[PDB]
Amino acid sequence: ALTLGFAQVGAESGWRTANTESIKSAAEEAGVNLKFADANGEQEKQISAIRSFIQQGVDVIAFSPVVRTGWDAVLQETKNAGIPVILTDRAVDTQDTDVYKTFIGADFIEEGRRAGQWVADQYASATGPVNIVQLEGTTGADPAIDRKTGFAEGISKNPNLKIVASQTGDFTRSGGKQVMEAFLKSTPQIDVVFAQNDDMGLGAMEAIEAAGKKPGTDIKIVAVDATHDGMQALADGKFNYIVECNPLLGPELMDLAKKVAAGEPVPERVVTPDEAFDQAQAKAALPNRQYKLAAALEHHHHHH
């Protein structure tokens, strides 16, 4: 039977631990002998997992690139070993191809854009300036850059909206906590927080709590992911809006791995769907969430 090697980022994230369960249990039903790597968020241990996959004679290799740059070498290596690659979740910035067989992930630019468009459509009648603080993702990672851009454009057509402060927090609760108290520190007027992942939004929520006033009413928070704790916080009113990012790639990852090993053809991009929730919708969405997320993913779409 099939043997798949997967080189995962780390466990910075509730999304990432969800995603890791999806890959582990997905391999476990698909009948796939999975060999699984956690690079603790650092690129070179991921590349070493890759080389040890080539070095084991894996039939397929798949990973999610921590950040975009610096994979040419190891991708040409699997290139030459005869190892198909399947990209998951995050993109790589490479300039020679047939280095991999497909890329399955969300469209982060549009996640940012619909967060930005929510912000813009709330403050559509703000008489004066309305002040945005951005908790940014691990500098260099596909999602941080794309959500960066997309949210920028989403707020781009209401001139009252501008981002007063925005700096990186490594997609973490403690990161969001930390940068959120730095911005509590310097910025004196903060209306909305945009958290590139809702773990950082939860940390920032604690920082606002600690300063003594109320996430969800005084400072509004908008975040990306739709994690369990994200959604419970949104339902409780301490977030305002959350845009879904669907971590349950496991199963279509296994389908794709089988098709790429067997030499069946597979589409060049697979995009996972998203929706967004306000408070009420989140409180409706929680029941039987993992089932609903799996149906959501079965509704992915291809780019040909």
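Just count from 1 along the sequence shown to find any residue number.
Colleague: Using only the Cα atoms and their B-factors as the entry lists them, report which of 28-36 and 49-57 averages higher.
Modeller: 49-57 has the higher mean C-alpha B-factor.
Colleague: I need to verify one thing: averaged over C-alpha atoms only, is the B-factor higher for 219-227 or for 133-141?
Modeller: Stretch with the higher mean C-alpha B-factor: 133-141.
Colleague: Among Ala120, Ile86, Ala233, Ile208, which carries the highest Cα B-factor?
Modeller: Highest CA B-factor of the listed options: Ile208.
Colleague: Going by the entry, which of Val164, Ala115, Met200, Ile109 has the most elevated CA B factor?
Modeller: Reading the PDB entry, the winner on C-alpha B-factor is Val164.
Colleague: Splitting the chain's C-alpha B-factors into thirds, which one does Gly41 fall into?
Modeller: Its C-alpha B-factor belongs to the middle third of this chain's values.
Colleague: Of the three thirds of its chain by CA temperature factor, lowest, middle or highest, which one includes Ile190?
Modeller: Ranked within chain, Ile190 CA B lands in the highest tercile.
Colleague: Hey, what third does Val92 fall into on Cα B-factor, ranked over its chain?
Modeller: Within its chain, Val92 is a middle-third residue by C-alpha B-factor, going by the deposited values.
Colleague: Just say lowest, middle or highest third for the CA B-factor of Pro65 relative to the other modelled residues in its chain.
Modeller: For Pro65, whose C-alpha B-factor we compare with every modelled residue in the chain, the answer is the middle third.
Colleague: Quick check on the deposited entry: does the C-alpha B-factor of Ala126 sit in the lowest, middle or highest third of its chain?
Modeller: Highest third - that is where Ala126 ends up once the chain's C-alpha B-factors are sorted.
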